[PDB]
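Observations on the three-dimensional arrangement
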Amino acid sequence: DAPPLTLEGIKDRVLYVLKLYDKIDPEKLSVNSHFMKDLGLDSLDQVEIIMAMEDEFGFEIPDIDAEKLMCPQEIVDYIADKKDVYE
Amino acid sequence: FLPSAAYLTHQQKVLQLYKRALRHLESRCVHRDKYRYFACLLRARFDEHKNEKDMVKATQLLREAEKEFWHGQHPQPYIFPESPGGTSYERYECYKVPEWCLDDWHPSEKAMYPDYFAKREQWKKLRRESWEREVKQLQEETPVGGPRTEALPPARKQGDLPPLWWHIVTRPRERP
Amino acid sequence: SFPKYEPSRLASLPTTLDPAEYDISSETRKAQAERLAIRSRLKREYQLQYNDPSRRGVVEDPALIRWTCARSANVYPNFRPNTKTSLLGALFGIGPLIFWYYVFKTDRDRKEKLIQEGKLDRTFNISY
Amino acid sequence: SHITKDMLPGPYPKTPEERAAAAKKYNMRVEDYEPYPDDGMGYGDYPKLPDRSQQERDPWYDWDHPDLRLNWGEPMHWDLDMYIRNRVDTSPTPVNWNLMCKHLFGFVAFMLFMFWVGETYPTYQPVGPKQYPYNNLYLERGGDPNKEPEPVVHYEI
Amino acid sequence: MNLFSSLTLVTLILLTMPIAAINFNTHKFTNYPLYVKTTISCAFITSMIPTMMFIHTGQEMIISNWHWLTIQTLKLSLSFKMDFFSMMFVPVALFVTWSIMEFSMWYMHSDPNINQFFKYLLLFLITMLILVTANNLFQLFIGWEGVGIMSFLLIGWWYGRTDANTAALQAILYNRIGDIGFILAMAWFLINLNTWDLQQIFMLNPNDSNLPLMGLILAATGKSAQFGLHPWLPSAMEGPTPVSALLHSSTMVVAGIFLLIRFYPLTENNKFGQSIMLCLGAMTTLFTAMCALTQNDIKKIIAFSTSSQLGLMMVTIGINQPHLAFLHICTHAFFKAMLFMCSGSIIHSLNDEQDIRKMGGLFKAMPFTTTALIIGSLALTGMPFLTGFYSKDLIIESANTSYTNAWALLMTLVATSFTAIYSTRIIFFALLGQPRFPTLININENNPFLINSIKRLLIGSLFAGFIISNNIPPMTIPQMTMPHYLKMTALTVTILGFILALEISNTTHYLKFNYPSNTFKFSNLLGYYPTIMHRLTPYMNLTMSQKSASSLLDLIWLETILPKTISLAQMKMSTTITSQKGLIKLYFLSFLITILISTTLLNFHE
Amino acid sequence: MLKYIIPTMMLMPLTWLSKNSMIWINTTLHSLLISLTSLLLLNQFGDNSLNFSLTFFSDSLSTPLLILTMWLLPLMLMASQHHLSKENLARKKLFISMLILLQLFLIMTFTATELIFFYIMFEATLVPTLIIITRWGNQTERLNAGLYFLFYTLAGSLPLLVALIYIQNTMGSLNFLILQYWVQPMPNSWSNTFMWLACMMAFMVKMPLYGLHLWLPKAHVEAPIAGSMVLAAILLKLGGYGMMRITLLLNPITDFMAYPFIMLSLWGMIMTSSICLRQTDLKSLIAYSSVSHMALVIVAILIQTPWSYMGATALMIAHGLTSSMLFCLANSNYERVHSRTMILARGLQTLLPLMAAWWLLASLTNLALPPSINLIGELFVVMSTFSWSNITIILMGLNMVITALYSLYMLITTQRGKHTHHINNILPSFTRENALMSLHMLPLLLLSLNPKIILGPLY
Amino acid sequence: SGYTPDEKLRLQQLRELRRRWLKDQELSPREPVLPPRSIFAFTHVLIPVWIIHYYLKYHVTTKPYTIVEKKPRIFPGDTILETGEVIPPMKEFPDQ
């Protein structure tokens, strides 16, 4: 029992649950858009978003990674490192 | 206790405390709605005396926070079924056969699998060809005599693959 | 609000309330950086000697060999007979021996004098 | 090969050269190296460690030996064989240690005490004994077909 | 009867073909699971007959052949007896394990080491059968250690996973404690009664029944996960799922009290022993009851539940009522086989979460296993009046109507209330709440194998307890004459537990943030027993083996006492004698002192 | 039996005048033929033992041990390649001929008429094993190990000769038949105590007991596989055999002076099981296992029940087979990685899949596999010692628990949990290792079927 | 904070290499593998029954002290099959 993933679908689901969140906009919601650069939201709220990622996908990401995600592209890249779905 | 640096940060210590407190609060609180309530309560508790610019008072109240947190820990946390100490923890290690093997098959089994073995052979030639001169020129010239980090710069200038790539790229899938 | 979590040799002390991760002066910063340089040098040497495609044999850790040779052969030197070590040896070797010897004295004298009286439970006691 | 200077003869005196060569051979900081000291218990001049090392060394560091907690270069602990996971869990307990042992022993003493109080205070019900018909199952108890038949009978009440 | 003996021996022998078949394969099989399933079904259709012939007939017989070591006044052959409980207990185990074959076809469907798995599982069944059929006690010992080591292998199936081999080591160590108890009983039997043969044992029942009974108690607590020797049971739940189902549903978990059932004329006497029986079982029951609250691992929850049921069976052995305990074995076996199978179906269908944290709303998420789990946890404590009514409630009726401890009855009281309340808790946290598990769902249980397995075991859970309880001869005097609040008291305890857990769930709905009042700690950190013992006693022997054995008795001190003194003495005598510098006057003065010391000191002429 | 001695004299020059790549098959084949030829031995019946000549007589104590020796030879003779294939042809011939000469003195030792001949062939057994382990020890202290071995076994076995000449000139001839008929109780003097302590102490040293077992770990970690298996199985069980024969005389004082040997045996068995629980260097674990089982053998000898003797000889044969198998497993691990340690080579469930079956089966045979001969021996010894004392069952069962424990840890340290993924030089499982394991364990299960052979003369 | 761009470059090269490796592991030549080259239940339920029923009659009953019953139960309303006599039944019940 193991349905394999896809790159586009996991990007869509990450951007989906980001768009569910409050203090950002659905207007300019880019995968290639950082957090401290243009959005200005908190590092505290950044790790809240990290926790939302983990509670969707059911595994920890460690602390030395947790400093250095900062954007949804590297989020999708690191969960693609974990689950390793590269057809 | 980290690969790149030596000390975390003050803020990184506070951040790890926040993540572990949020995790232990998950494990304490069922039904998810009062959990969202108490999570906003703890977010406000960090909002109480966040923005001070002291050092000694900051680390002192952080110590007292650690004391009242080690009191307020849940004893059997809901760790995910991939965590160390969890439920899987290399659950499928039975089929995590390493990739240095499989050369010692009988060649009848190589006649069974022609295409994968020929492509692994050209991977191996790619491994051996781009190995000594450039990669070891980087790893013998480009750092200081003290390395002072566990990272490595890529093959950033001209040519081949970034150094020491083999047993990190060529690894099992972690899920057969 | 808390009894400060007394540690023991069994119960460990967690990494939060150290409290040595608080007044981290630049001497200790320098020491942690030196320890990081140590681990960096070790893992760099290992990863050099490890990823070689022409390499066939084992990695030959001298730390494991050093621990084994210290644990087995490098015990008998260095030795000095201390009075505390000698008394602890004669207590941990002869104490239980004379203890079980006294109890075998006791049980055998009781059983042999009981069967010399003849009042054993030997209604049938074949498989001796 | 294997140089003789990678064994460990001799103890910790004297303090410049022994600690120097220990930092050399053990790959450690000089003040981080600690002799035991020597007390006639062998031990050579082997390093003293922080001595827990297994519920320490948190797993997300991703070192080289994952089920050994090594790094391929370490002072391995002298008593490492007791330390490894699957052998002894040296975790920080959630509560205490003395509070744990005292309340467990108190619970055991309480339960065994009430067991002895039960052993002097049985249950019984308003029921007499069983009036077995034939001399309390004689000839189907121990036997004696001609030795001792005994006159004893119940009277109906 | 040639028919009767022949059919029992072929129920033995049909569980011998598949192991040697795949060891004689030298090919590639595909439907070896189907082969094992159909031969277990064949074993069941053979073993259904002799029970029917038994209750129709009686004729309670023993078979024995292939003797070896007729050495002294005994002889031991492969020797087993088909009697009442040892005959009707076989088809229950066969049918339960047939369901487990189905559930293992589903559960391990994507893991191609299934052939070695079914070989280990079949050999475990064979060893358990050889245990439960025997009267020659050495064959009991064979089956005893064999199911211990097959339990080791099935727990440590997943190599890797330090939890697994840790658990398996703990289990096998506590089973060696069972082994020392059993061999003490064996030694007393050999030396005093010339053999270990229950015919001769029950022909000559002595009044000194103290040392073998203590051996029996130690074997019982080593096998049946009792107070102080329990914690290998949740540790054993750390294995795979149908592994745990077979391992602690029917097989391997009742075998300790099975021996005490088997020795019932031996334990007709020595009321000191039955007092120890019931007090020990009450201790297990309430201890695992108080530990059983506040736990969030479903396998460990059902482990605590079956430990409590084993405690009630120990009570049932303590009162002179062995046949109620055997009926509880059968009902409990069907019951928690079905229960483990249901919960494992849920967990494997829902991405191996397994935890009550992030479990809640699974009502109307697929309704088949929800019906299964509510029939299970309702049949727990015996909703009147069902299969689980009969066993547990005749247990408590005979317990209250006896010369009991007057503390053990209170233990059964409070622990029956406690198993009612965690039954309510496991239902409410498993099905009824809000659905808490992440998105990208795999919500399905469509499988013909699984629906037929759950199907046939709940159908067994409806009828077979009543069917077994009816057509058996009452080997005891039934009490059946109770005052007020002595027969209704089971229903009273279960309904008050339902109300108490109902208001616990009402407080669970609220938002309060209650504080850990340290009964929380004592109930959720396992009663502190695995923590304290597994940090104390491994530290003891491993510290003494370092200090005393390694560095203090054998190596360094023995090499100083025997070789060193001799070798250094000879070295010093050499360096004193042969280190004479080469003079001449010294040698002739040595001649002179030799002549003088031979003449005048120790004379030789006189 | 002379028809068993003389083909071994014929088997020696076979090795010499066979040529290159021709010695090996001839020696292996013909020693297997001798295994058939002395499988034909067991004619023993009823009242007496099978007794043919002034030269020879064989008990059913000597029968399974002699069959075990000649069966263990060709298995070993195949086992000792891969470490002398690169050596010289002449040195290879010297090695194989030394093994054959050692077998010859083993058979001479087992079928001795008078105990003087037993002593001569006893130290004749002693001498070539030294040469084997010293010429091919393959570790830096084979010097110290051979030195300890020869000095302990001589200087413990030295007053035995004096005591045998004393029994010669006090009671007529020393043949075991007439000594069986001309025994008489020699009561509590002090010279009787010294003489008993001399004979029993010599064979104590041969077992070894706990008091001076220290030569035995070095003699198994610093020896090749052939001398290791010969040493452990045939030499230690030969010491037990010799004590079994000499203990027929000197019955009246063993109740007075047999107490402290029982004590040191039991407490040293417990301490040996403790010390093997923790150590590294996997090869040594089998050696301390041997010390534990032979302490159990010694307890079984000094209590004097026929139950005890039958369990003793069962434990002898079973631990001989188990320890030789487990030595060859450790040799296979040492051929894979050049470590000899315990924590380095890990994993090996993935790699070498049917090697796991043999490790599991070996740890089962150490674990007292429930119909195995090992459990039969341990069980009957526990029976006889619980007859001897009602309180010593505590130490026996504590030995049982720790025995299961260290056998299981010996299993799961090496072949459980994680492959270290840096070794990458192991060859796949050879047919040689699996062939040697099928040669080890099929006879053990056959003897587990009908064990009326392996029970001793008090059957 | 975040990555240094050297780590970004290194990691994107490892993106390309790791994707190429895991795609190369995905084989499909349309053929991964290639090989170069009632009565069932009848035997498996009759044949051990035949062998054991043959074994349990002749040899094992010529061994004398072999398999033995616990005797059937006879009641005061029964009769013996082989010899043949009834048992005189029990007397009056009354005041049941």
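Each chain is numbered from 1 in the order of its written sequence, a scheme that can depart from the entry numbering, and any residue without coordinates is omitted. By the order in which they are written, chains take letters starting at A while ligands take numbers starting at 1. Here we see some chains out of a larger assembly; the values all refer to those chains and nothing more. Side-chain calculation: all heavy atoms of the structure are included, whereas hydrogens and water are not.

Named according to the PDB entry, chain C is NADH:ubiquinone oxidoreductase subunit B4 originating from Ovis aries.

By the naming in the PDB entry, chain B is NADH:ubiquinone oxidoreductase subunit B9, taken from Ovis aries.

Here, residues are in contact when the closest pair of their heavy atoms is within 4.5 Å. The interface is formed by 30 residues belonging to chain D together with 35 residues belonging to chain E. Two parts placed together each lose some accessible area under a 1.4 Å probe, and adding up what both lose gives the buried area. Roughly 3,100 Å² is buried in total at the junction of chain D and chain E, and carbon and sulfur atoms are behind 69% of that figure. Among the residues chain D hides against chain E, the three largest losses belong to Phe107, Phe115 and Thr123 of chain D. Together they make up 18% of the total. Salt bridges are identified by distance alone: a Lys or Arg side-chain nitrogen within 4 Å of an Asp or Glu carboxyl oxygen. At the junction of chain D and chain E, the tally comes to zero salt bridges. We call two N or O atoms a polar contact when they sit within 3.5 Å, provided that within protein one can donate a hydrogen and the other can accept it, with sequence-adjacent residues counted only if both atoms are side-chain atoms. The interface formed by chain D and chain E holds seven residue pairs in polar contact in total.

Each pair of aromatic rings is reported with the distance of its centres and the angle of its planes. Aromatic pairs are defined between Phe, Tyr and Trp rings, using the six-membered ring for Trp, whenever the two ring centres lie within 6.5 Å; interplanar angles under 30 degrees are classed as stacked, those over 60 as edge-to-face, and all others as tilted. Following the criterion strictly, the structure yields 71 aromatic pairs over all chains and no others. Taking the centre distance of 5.6 Å and the plane angle of 50° together, the rings of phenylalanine 117 of chain E and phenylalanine 118 of chain E count as tilted. Burial classification: accessible surface area is computed with a 1.4 Å probe over protein chains only, and a residue below 20% of its type maximum counts as buried, one above 50% as exposed, and the rest as partly exposed. A relative accessible area of 0% places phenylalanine 117 of chain E in the buried class. Aromatic side chains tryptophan 188 of chain E and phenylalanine 189 of chain E sit 6.0 Å apart centroid to centroid with 65° between the ring planes, which places their arrangement in the edge-to-face category. Accessibility expressed as a relative area gives 12% for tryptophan 188 of chain E, which makes it buried. The ring centre of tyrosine 409 of chain F lies 4.1 Å from the NZ or CZ of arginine 87 of chain D, which sits over that ring. Should the NZ of a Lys or the CZ of an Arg lie within 6 Å of a ring centre and within 35 degrees of the ring normal, that charge is described as sitting over the ring. Seen from the ring of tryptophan 144 of chain E, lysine 223 of chain E lies directly overhead, with NZ or CZ sitting 4.7 Å from the centre.

A separate point is the arrangement of the chains. Between all 16 pairs of chains that are in contact, chains E and F come out with the most contacts. The two units chain F and chain G are non-contacting; their minimal C-alpha-C-alpha distance is 19 Å.

This part takes up the packing of helix 7 (residues 162-193) of chain E against helix 18 (residues 393-414) of chain F. When two helices pack together, their arrangement is given by the angle between the helix axes and the distance between those axes. To get an axis, a line is fitted to the C-alpha atoms, and for a helix only the part in contact is used. The angle between two axes follows their N-to-C directions and goes from 0 to 180 degrees. A run of H or I in DSSP becomes a helix once it reaches four residues, and a run of E becomes a strand once it reaches two; helices and strands are each numbered from the N terminus. The N-to-C vectors of helix 7 of chain E and helix 18 of chain F enclose an angle of 150°; their axes lie 10 Å apart at closest approach. The angle between the axes of helix 7 of chain E and helix 18 of chain F places the two elements in the roughly antiparallel class. Once helix 7 of chain E is placed against helix 18 of chain F, the crossing between them reads as right-handed. The segment helix 7 of chain E lies against helix 18 of chain F, with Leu169, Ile172, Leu173, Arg176, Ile180, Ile183, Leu184 and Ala187 of chain E engaging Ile393, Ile394, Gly397, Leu398, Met400, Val401, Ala404, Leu405 and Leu408 of chain F. Looking at side-chain class alone, the contact of helix 7 of chain E with helix 18 of chain F contains 15 nonpolar, one polar and one charged residues. Here roughly perpendicular refers to angles of 65 to 115 degrees, roughly parallel to angles under 35, roughly antiparallel to angles over 145, and oblique to all remaining angles. Left-handed describes a crossing whose near helix is turned anticlockwise from the far helix through less than a right angle; right-handed describes the clockwise counterpart. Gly is placed with the polar residues, together with every amino acid not listed as nonpolar (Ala, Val, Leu, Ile, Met, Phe, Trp, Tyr, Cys and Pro) or charged (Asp, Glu, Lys and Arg).

Now for the nonpolar core. With 368 residues, the main nonpolar core has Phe89 and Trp196 of chain E together with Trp215, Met243, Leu302 and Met383 of chain F as its most contacted residues. If you tally residues by element for this core, the top one is helix 7 of chain E, at 17 residues. One finds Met114 of chain D together with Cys279, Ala408 and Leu525 of chain E within the second-largest nonpolar core, a separate group that totals 32 residues. Note on terminology: a nonpolar core comprises buried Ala, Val, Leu, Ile, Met, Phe, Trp, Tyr and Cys residues joined through side-chain atoms within 4.5 Å.

Moving on, we come to the pattern of salt bridges. Inspection of the entire model under this criterion finds 39 salt bridges over all chains. We note a salt bridge from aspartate 83 of chain E to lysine 81 of chain E, for which the minimum N-O separation is 2.4 Å.

The interface of chain E with chain F comprises 46 residues on the first partner and 50 residues on the second. Here chain E packs against chain F, burying approximately 4,400 Å² in sum over the two surfaces, 77% of which is carbon and sulfur. Among the residues of chain E in contact with chain F, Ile71, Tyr159 and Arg176 of chain E are the three that bury the most area, contributing 14% of the side total. The tally of links from chain E across to chain F stands at one salt bridge. Of the charged contacts, one joins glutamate 559 of chain E and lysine 218 of chain F as a salt bridge, the two residues approaching to 3.1 Å between their closest N and O atoms. Counting across the chain E and chain F interface gives three residue pairs in polar contact. When contributions to the side of chain E that touches chain F are tallied by element, the ones reaching two or more residues are strand 1 (61-68), helix 6 (137-155), helix 7 and helix 22 (529-577) of chain E. Broken down by element, the side of chain E that touches chain F gets its largest block of residues, 14 residues, from helix 22 of chain E.

This part takes up the domain arrangement of chain B. According to the domain assignment, chain B consists of domain 1 (8-77) and domain 2 (97-173). Here domain 1 of chain B and domain 2 of chain B have C-alpha centroids that lie 44 Å from each other. Throughout, the edges of the domains are those of an automatic or database domain assignment.

Residue and element names in this part refer to chain E. Of all seven residues in strand 2 (residues 76-82), six are buried; the element is thus mostly enclosed. At least two DSSP bridges between two strands are required for those strands to pair. When strand 1 meets strand 2, the two strands line up antiparallel, connected through seven bridges. Residue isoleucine 62 lies in a different strand from strand 2, and its bridge partner there is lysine 81.

Moving on, we come to the side chain of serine 307 of chain E. Mapped onto the secondary structure, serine 307 of chain E falls in helix 14 (residues 298-318). Ignoring anything within four residues of it in the chain, the contact list for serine 307 of chain E reads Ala225, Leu233 and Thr288 of chain E.

All names here are of chain B. Each patch groups residues whose relative accessible area exceeds 30% and which form no salt bridge, using 9 Å between like charges and 5 Å between nonpolar side chains of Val, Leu, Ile, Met, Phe, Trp and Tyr. Shrake-Rupley sampling with a 1.4 Å probe provides the accessible areas, and residues are treated as covered by the protein chains on show and by no other component. None of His or the chain ends enter the tally, which takes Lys and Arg as positive and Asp and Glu as negative. To locate a charge, the coordinates of NZ of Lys, CZ of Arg, CG of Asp or CD of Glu are taken. Taken together, the side chains of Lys110, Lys124, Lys125 and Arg128 present a region of like positive charge at the surface. Ranked by residue count, the leading element in the positive patch is helix 5 (residues 114-129), at three residues. Locating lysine 124 in the fold gives a position in helix 5.

Along the chain, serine 127 of chain C falls in the segment after helix 3 (83-117). The exposure class of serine 127 of chain C is buried, given its relative accessible area of 3%. Excluding residues within four positions of it along the chain, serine 127 of chain C makes contact with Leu190, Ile191 and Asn194 of chain E together with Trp307 of chain F.

This brings us to the environment of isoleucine 504 of chain E. Residues and elements named next belong to chain E. The topology assignment puts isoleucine 504 in helix 20 (residues 489-509). Classification of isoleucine 504 as partly exposed rests on a relative accessible area of 36%. Each C-alpha atom, one on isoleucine 504 and one on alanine 43, is 47 Å from the other, the two residues being 461 residues apart in sequence.

For the rest of this paragraph, the subject is the environment of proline 428 of chain F. By the element assignment, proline 428 of chain F lies in the loop between helix 18 and helix 19 (431-449). Under the relative-accessibility criterion, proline 428 of chain F is labelled partly exposed at 40%. Separated by 176 residues in sequence, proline 428 of chain F and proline 252 of chain F have C-alpha atoms that sit 60 Å apart. Residue contacts for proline 428 of chain F: discarding those within four places in its chain leaves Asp104 of chain B together with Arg336 of chain F.

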